[PDB]
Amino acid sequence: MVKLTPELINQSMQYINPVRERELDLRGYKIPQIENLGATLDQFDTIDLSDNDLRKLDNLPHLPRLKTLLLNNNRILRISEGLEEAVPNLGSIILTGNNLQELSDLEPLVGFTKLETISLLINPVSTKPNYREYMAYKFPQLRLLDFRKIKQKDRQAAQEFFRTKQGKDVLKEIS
């Protein structure tokens, strides 16, 4: 099966996308693992890794320019901890159509200070009990979740919930 190589990067489309940002197109190569992204020389605002066969989000080089990650329709079930050191300015992560199962599996996303948009549509974790509430509570800076805004009133209600014994028990079990 494929490898993500420097040549694959050099031969892929590298273009101004519909929202005026610099995008690398890595869609549809059945890539099994992230590697060699250092060869992008931090040129891209956006990397499109849709329609591959990633099982984990990991192995990122330092890419301070990277602000949007498109990860549609992979098989991701784990995110490596500490990725904010590699991609600190990540503003949107689009994980539609993956295999993230539990609310604790989203723990690795907490240290991104600028992450304002998340999609977990068509992931098992998006129908876990307390999903939207938990996300409001755990990610204070998150603004758009599955393309519905987290309103201040939503975050207030979530924080009030997790101060109850019921909510406390929910948090206990997530850990």
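Start at 1 with the first residue shown and count on from there.
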Practice item. Return whichever of 101-109 and 88-96 has the greater mean Cα B factor according to the PDB record. Key: 101-109
Review point. Is the mean CA B factor in the deposited entry higher across 152-160 or across 14-22?
Key: 152-160
Exercise for review: Quick one: which of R132, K67, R143, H62 shows the highest Cα temperature factor in the PDB entry?
Suggested key: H62
Practice item. Check where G28 lands among this chain's C-alpha B-factors and tell me if it's the lowest, middle or highest third. Key: middle
Point to revise | Lowest, middle or highest third - CA B-factor, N123 | key: lowest
Revision key, fill the gap. Assert third(CA B-factor, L115) within chain per record equals lowest
Practice item. Could you tell me which third, lowest, middle or highest, the C-alpha B-factor of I76 occupies within its chain? Key: lowest
Study note, to complete from the structure: So, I47's CA B-factor, relative to its chain, sits in which third? The lowest
